Amino acid sequence: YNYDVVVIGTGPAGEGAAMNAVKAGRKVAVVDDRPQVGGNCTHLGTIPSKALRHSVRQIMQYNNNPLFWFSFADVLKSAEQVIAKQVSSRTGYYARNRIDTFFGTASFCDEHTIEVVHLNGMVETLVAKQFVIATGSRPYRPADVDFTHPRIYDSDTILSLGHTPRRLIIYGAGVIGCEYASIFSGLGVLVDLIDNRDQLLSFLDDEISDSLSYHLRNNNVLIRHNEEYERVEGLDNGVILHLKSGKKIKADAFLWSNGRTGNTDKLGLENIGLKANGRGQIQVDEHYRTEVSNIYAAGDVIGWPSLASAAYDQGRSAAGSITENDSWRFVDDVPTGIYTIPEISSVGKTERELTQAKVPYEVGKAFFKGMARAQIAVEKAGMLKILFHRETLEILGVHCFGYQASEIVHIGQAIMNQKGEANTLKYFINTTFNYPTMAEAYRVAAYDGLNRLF
Amino acid sequence: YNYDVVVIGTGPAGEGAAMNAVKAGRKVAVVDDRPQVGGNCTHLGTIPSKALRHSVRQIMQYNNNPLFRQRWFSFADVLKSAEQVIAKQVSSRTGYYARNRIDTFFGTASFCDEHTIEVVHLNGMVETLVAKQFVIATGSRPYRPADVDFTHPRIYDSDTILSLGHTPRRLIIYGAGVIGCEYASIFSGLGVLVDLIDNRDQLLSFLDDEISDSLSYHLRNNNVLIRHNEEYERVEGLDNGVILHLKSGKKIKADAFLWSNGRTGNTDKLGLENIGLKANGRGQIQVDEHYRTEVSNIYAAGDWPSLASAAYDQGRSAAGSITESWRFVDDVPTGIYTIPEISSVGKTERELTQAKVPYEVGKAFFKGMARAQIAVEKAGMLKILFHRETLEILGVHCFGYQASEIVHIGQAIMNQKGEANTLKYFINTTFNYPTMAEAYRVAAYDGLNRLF
Ligand SMILES: Cc1cc2nc3c(=O)[nH]c(=O)nc-3n(C[C@H](O)[C@H](O)[C@H](O)COP(=O)(O)OP(=O)(O)OC[C@H]3O[C@@H](n4cnc5c(N)ncnc54)[C@H](O)[C@@H]3O)c2cc1C
Ligand SMILES: Cc1cc2nc3c(=O)[nH]c(=O)nc-3n(C[C@H](O)[C@H](O)[C@H](O)COP(=O)(O)OP(=O)(O)OC[C@H]3O[C@@H](n4cnc5c(N)ncnc54)[C@H](O)[C@@H]3O)c2cc1C
C-alpha cells in the first residue's frame, strides 16, 4: 500500500495527527494493535477510570443523601456503554474522512516501509513519505514483582477485579495512584497509599497537596511517606509487602502505579537507526521531529507530560509540522489535572516557584464552603487560589481544588494567555458571570486578592 | 485448524464429497482458489455453456416461428442471461454450505505432509489445516500447447471464449470433443460460419455410427464445415483474423479461434511430491476402485469421464469410502448438449457386432412424433438395442430435443437384473400423452415387429 502520512496507534495523539493530516488533503493511514480504535484513551486508561470515579461519586452522594454496599462489577458495568459510544464515534470519525485502518502490531523495516502483523498471521506492508509515532506507553513492570499472581494488579489488570477487597495497597503516589486511591476510598476500602517522597504530588502547590492529603487521610487512605519497597509476597488470601524501612503491610489485594514505560520494544527501532532511553521514550525537537527527518513522534510516547489532551494537541502540532501549514505549536503549558474525589487542577507557576523567583505576588482565596453552588451540590470541601502580580495585576498562577476544578481552571487559563495589560485580575471585576455557579469563586477570589493590596 | 475431512475444490465432486462426509457426522471443510463456490461446473464450464445453448435455441425458435415474426443480436447480450443463473446457483451452494456448518477457505491449497496443507490467498495468506482424511477435487483446465499464442486477442480456449465481446463473422474450432461440438453447434445457431477441425475421420467415434452421422449431417446443414483427419501445423494471429496452417497443406482464415483439444489436470500447484503422489502427463491421479490414491488417507475424485454428474457421484462415493455407500462410478450415460442433444447408455451397435450378440434394433423417429411436432423440433431419432431371445436391453441411443430426459427411462429399465430388464415393459406400461417418452413405446413396437 502507498500513502502520505502513516500513524501508529489510534490514541489522542494519533487521532489528532491523522485528522490534521487528512485536513491538509493528503492520503493517510492508521495502524493500531488493539482490535478497536481509541487505545488507552478509552480502553484501559482515561475512560474506564473516569467512569469508575463518577460512579463512585454518585454512590457517595446517594449514600449521604437524606432522600435515601455495591459490588465492584456493578460499579464497573457503567463503563462498557461509554467505551462503546466513544469507539463508535471515533470509528465514524475515521470512516467519514476516509482513513484506512489496520488492526495489527506495527514494526519497522526501513525508512519508508513497515510491517503490520495481526493475530491471524496476517502480513501487510505500508509505504508513506511521513510517519507519526503514537505508540504511547504501558505500565512499568519490575521483574521482582509476580504480576501473574491473581492478587497482584497493575493500572490495567486492576479493572479485572471481580470483588471489592476488604483492604488494599497502592504503590506510587503518581496521578494514577492517587486517583485509584480516591476511587477505592470512595468505594469503602481501607487503602494504604505508599509514596517514595515526603509530600504527595510535590510538583503541585503546597496548600493543594496538604488539603488533598488531609481529605485522603479523613477518607481511610493511610498515607506513608518516604518509602521504598523491598520484597512483595503473594499468598492465597492476601499480599504482604516488606518495605526497606522494615514495615510489613498485609492487604487483600495490591495495585502498582509507579511510572510508565514507552511502547518501543516491538516497534523495531533499530531498523531505522533510532534509539529509545530506559523509559522507552523518543527524543523530539520543538517540531516533534526525531533525528530522522521524515519520522515524527508525539504524545505520551515522548514522555512529558503524559496527558491525553496534551498528547492530542502534541499530535495535532506534529501533523501541522509535517504539513507545514502554520498550525504547529509546541505544547508546553499544559494545565495539570488530577481527577480524584474531589478534583484538582492548576495552571502556571506555584507559590514555591514564585517565592524562589522573588516575584512580588499576592494571593486571592475563595473557599467552597461558603458557596451557594458548592453547598447546593453538597460539596463542602475545596478551595480556589489565584496568584496575581501586585503592581501589574497579571495572573502568574491559578490553583483550584474541589468541585468542578478542571472546568473552573479553564477561565483562569484563558485570562492568563492574554498579552500585556489584557491579562489582568481586574477583568474578574469588569465581567459578569452567571449565578449561582462555581465560576463566581473567581469574583470572590479576585476581591480577596485586591483587598490585600493597599 | 483441525477437521476430520478436508476437501480441495468446490465443484460437484468436492461439494458432493463434503456433503456426504458431513452427513456421516464428521467435521469437514472445503478449500478452493475461486473467489466464489461452485467450481468450473458453474463459473466457467457447464452452466455458462448450457445457458448460452438454451438462449441460442430460444432465439432460433423465435426467428423460425411465424407467429413471432410480426433480428440478430450481439454475443454479449446472449451471454448476459447466464449471470442470473450463476448468481442463483452460487447463492444456493453457499446456503447449502452454511446450513451444514461447512468451513470454507478461499485460497490455493498446497501440500506440506500427509495430514496438513497450507492455504495461500491473493494477499500472501498462510493458513495451516490438518485433518485425518483428504479429498482431491481440483478439477482441470483447458490444455495449452506451447506453440499457440493464447495471449492473442483473437485466440481463445474453452474458458476465455466467454470474454468475446463481438460476434465474429467466421470462426475456427480445433478438437471434435464434446466441448468442441457443443460450441460449434451454439455458434452455428448464432449464425457464424464455423469450420470445425477433427483429428479423426469420424465425429465422436465413441458414439454409435448412426448418431454420429446424423449429427454430422445436421452440423453440415447448419453452416458448420467439418474437416476430417487433420492436424494443425501453425496458428498465426493477425490483426484482423486468425490463420491456421494444417499438416495437410491448407490455410484457413477466420475472425476468431477456439481450442477444445484435451484437458489437463490441476495438480501442479498441489505439490503432491511433498506427500509421495505423482501426476501423469495429463495431470490426472491414479486411483483404485475405492477412489483412493497410493496414500491411505488421500482420496481423489472427479476431474475420464470428466462429467459433472459423474464427478458428483465419484466425490460422494469417495466420501462414503472414507466413512465406510461406496459405489464405483463406471456406467455414465454419455450426454452431448448440441442442438439437438445427444445421449447414449449401454453398448453401441459396433461393440455388439464385434461381440456377435444376437440383438435387434427398434427405431422411433421424432419426425412423426406428436410432441416433437408441437415443439417444432422434428429432427430426431430414438434407437433401442434389445436382446432378441431374452428381450433384455443392451443399448439405448437418442439424438434429439430433450434427449437427456428421455434416456433416463431406458437407463432405469437397463439397471434391472435378469427378466426385470425387459423391453416388454414399454408395452405393458402406460405413459403420458402427448410426450416424447411415449416414443419409447413406439420404438418397442418397432422392435416387436422384427421378432419371429
Ligand atoms: C487510569 C488512567 C487514567 C488516566 N486519566 C487521564 C486523564 O484524565 N487525562 C489525561 O489527559 N490523561 C489521562 N491518562 C493518561 C492517558 O492514558 C495518556 O495521556 C494517553 O494515552 C496519551 O495518548 P497516547 O495516544 O500517546 O496513548 P495511547 O492511547 O496509549 O496510545 C498507544 C496506542 O498505540 C497502540 N500501540 C502501541 N504500541 C504499538 C505497536 N507496536 N504497534 C501498533 N500499535 C501500537 C496501543 O495499542 C494504543 O492504541 C490516564 C491514564 C491512566 C492509566
Ligand atoms: C464448456 C463445458 C461444458 C460442459 N458441459 C458439461 C455438461 O453438460 N455436463 C457434464 O456433466 N459436464 C460438463 N462439463 C464438464 C464439467 O466441467 C466437469 O465434468 C466437472 O465440472 C468437473 O467437476 P470437478 O468438481 O471434479 O472439477 P471442477 O468443477 O473444475 O472443480 C475444481 C475447482 O477447484 C478449484 N481448484 C483447482 N485447483 C485448485 C487448487 N490447487 N487449490 C484449490 N482449488 C483449486 C478450481 O478453481 C475449481 O473451482 C463441461 C465442461 C465444459 C468446459
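Below: a short report on this structure. (Residues numbered from 1 in each chain as written, not as in the entry; some residues may be left out. Chains lettered and ligands numbered in written order. Part of a larger assembly, values for the part shown. Heavy atoms only, no water.)

### A short note on the overall build of chain A
Counting its regular elements, chain A contains 11 helices and 21 strands. A principal-axis box enclosing the C-alpha atoms of chain A has dimensions of 65 × 60 × 45 Å. Burial analysis of chain A (454 residues in total) assigns 52% to the buried set. By element, 51% of the accessible surface of chain A is carried by carbon and sulfur atoms, the whole surface being about 21,500 Å². Once the 46 positive and 51 negative side-chain charges of chain A are each reduced to a mean point, those two points are 5 Å apart. (Helix = DSSP H or I, 4+ residues; strand = E, 2+ residues; numbered from the N terminus. Buried < 20%, exposed > 50% of the residue type's maximum accessible area, 1.4 Å probe, protein only. Areas by Shrake-Rupley, 256 points an atom, 1.4 Å probe, with all protein chains shown as cover. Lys, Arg positive; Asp, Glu negative; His and termini not counted. Charge placed at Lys NZ, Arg CZ, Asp CG, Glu CD.)

### Some words on the overall build of chain B
When its secondary structure is counted, chain B shows 12 helices and 22 strands. A compact globule built from 452 residues should have a C-alpha radius of gyration of about 22 Å, and chain B, at 24 Å, falls within 12% of that. When the backbone C-alpha atoms are referred to their principal axes, chain B occupies close to 65 × 60 × 45 Å. For chain B, the separation between the mean place of its 48 positive charges and that of its 50 negative charges on side chains is 6 Å. (Rg over C-alpha atoms; globule rule 2.2 N^0.38 Å.)

### Focus on the site of ligand 2
All names here are of chain B. Around ligand 2 there are 32 residues in total, and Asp33, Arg34, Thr46, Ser306 and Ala308 lie nearest to it. One of the backbone nitrogen or oxygen atoms of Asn40 is found 3.1 Å away from an oxygen atom of ligand 2. A distance of 3.4 Å is found between a nitrogen atom of ligand 2 and a backbone nitrogen or oxygen belonging to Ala109. Isolated, ligand 2 exposes 1,000 Å² of accessible area, and the fraction of that covered by the protein chains is 93%. Listed by contribution, the elements that provide at least two residues to the shell around ligand 2 are helix 1 (12-23), helix 2 (40-43), helix 3 (46-64), helix 5 (178-190) and helix 7 (308-323). Across the shell around ligand 2, the residue classes tally to 12 nonpolar, 14 polar and 6 charged. (Near = heavy atom within 4 Å. Polar contact = N/O pair within 3.5 Å; in protein donor to acceptor, adjacent residues only side chain to side chain. Nonpolar A, V, L, I, M, F, W, Y, C, P; charged D, E, K, R; others polar.)

### Points about the sheet that holds strand 19 (residues 341-346) of chain B
All names here are of chain B. Pairing is antiparallel in the open sheet, where 5 strands are placed in the order 18-19-22-21-20. Lying at the two open borders of the sheet, with one neighbouring strand each, are strand 18 (334-336) and strand 20 (359-365). In this sheet, neighbouring strand axes are inclined to one another by 10° on average, regardless of whether the strands run parallel or antiparallel. Strand contacts of helix 6 (residues 209-221): strand 19, strand 20, strand 21 (381-387) and strand 22 (393-400), with the helix running at about 5° to strand 22, the strand carrying the most contacts. (Pairing = 2+ DSSP bridges. Axes fitted to C-alpha atoms, helices over the stretch in contact; angles between N-to-C directions. Contact = heavy atoms within 4.5 Å.)

### Examining the site of ligand 1
Residue and element names in this part refer to chain A. Taken together, 33 residues lie near ligand 1, and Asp32, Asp33, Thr46, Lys50 and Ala308 sit nearest. A distance of 3.4 Å separates an oxygen atom of ligand 1 from a polar backbone atom of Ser309. Its free accessible area being 990 Å², ligand 1 has 93% of it covered by the protein chains. Secondary structure elements with two or more residues in the shell around ligand 1: helix 1 (12-23), helix 2 (46-63), strand 4 (105-108), helix 5 (175-187) and helix 7 (308-323). For the shell around ligand 1, the residue count by class is 11 nonpolar, 14 polar and 8 charged.

### Here's the deal with unusual backbone geometry
Residue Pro436(A) is reached from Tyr435(A) by a cis peptide bond, and omega for that bond is 0°. Put simply, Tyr433(B) and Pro434(B) share a cis peptide bond, and its omega is 0°. The residue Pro434(B) is located in the loop between helix 11 (425-428) and helix 12 (439-448) in this model. Of note in the backbone geometry, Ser306(A) takes a positive phi value of approximately 55° without being a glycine. With respect to the helices and strands, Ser306(A) occurs in the loop between strand 16 (295-297) and helix 7. Positive phi values are uncommon outside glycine, yet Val376(B) reaches one of about 60°.

### Focus on the pairing of strand 4 (residues 108-111) of chain B
Residues and elements named next belong to chain B. With burial as the criterion, only one face of strand 4 is covered, namely that bearing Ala109 and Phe111; the residues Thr108 and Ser110 on the opposite face remain uncovered. Where strand 4 and strand 5 (residues 116-120) come together, 4 bridges link them in antiparallel fashion. Bridging from a neighbouring strand, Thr108 pairs with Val120 of strand 5. Turn length for the strand 4-strand 5 hairpin, with the two strands adjacent in sequence and antiparallel, is 4 residues.

### Topic: the pattern of salt bridges
All names here are of chain B. The final tally for this structure, using the stated rule, is 41 salt bridges over all chains. In this structure, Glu230 engages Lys250 in a salt bridge whose closest nitrogen and oxygen atoms are separated by 2.5 Å. Of this pair, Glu230 sits in the loop between strand 11 (225-227) and strand 12 (232-237) while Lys250 sits in the loop between strand 13 (242-246) and strand 14 (251-254), and the two are 20 residues apart along the sequence. Relative accessible area serves as the criterion here: at 9%, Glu230 is assigned to the buried category. (Salt bridge = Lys/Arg side-chain N within 4 Å of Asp/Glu carboxyl O.)

### Considerations on the environment of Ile155(B)
All names here are of chain B. With respect to the helices, strands and loops of the structure, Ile155 is situated in the loop between strand 7 (140-142) and strand 8 (156-157). In this structure the C-alpha to C-alpha distance between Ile155 and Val235, which are 80 residues apart in sequence, comes to 9.3 Å. Setting aside its immediate chain neighbours within four residues, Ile155 contacts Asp149, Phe150, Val235, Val242 and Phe257.

### Structural notes on a nonpolar patch on the surface
On the surface, a nonpolar cluster with roughly 470 Å² of combined accessible area is contributed by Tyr62(A), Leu67(A), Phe68(A) and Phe70(A). In this structure, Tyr62(A) sits in helix 2. (Patch = residues over 30% accessible without salt bridge, like charges linked within 9 Å, V, L, I, M, F, W, Y side chains within 5 Å.)

### Some thoughts on the sheet that holds strand 12 (residues 239-243) of chain A
Residue and element names in this part refer to chain A. Spatially, 3 strands are ordered 11-12-13 in an open sheet, and the strand pairing comes out antiparallel. Across the chains shown, the open sheet's two edge strands, defined by having one partner strand only, are strand 11 (229-234) and strand 13 (248-251). Averaged over all pairs of adjacent strands, the angle between strand axes in this sheet comes to 15°, irrespective of strand direction. The sheet contact formed by strand 12 and strand 13 spans 4 bridges and is antiparallel. Within strand 13, the position partnered with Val239 by the bridge is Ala251.

### Let's talk about the side chain of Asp154(A)
Residues and elements named next belong to chain A. Looking at the secondary structure, you find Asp154 in strand 8 (residues 153-154). For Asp154, a relative accessible area of 1% puts it in the buried group. Contact partners of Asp154, with chain neighbours within four places excluded, come to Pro139, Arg141, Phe147, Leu255 and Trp256.

Bear in mind that shape data such as this cannot, by itself, settle questions of function.
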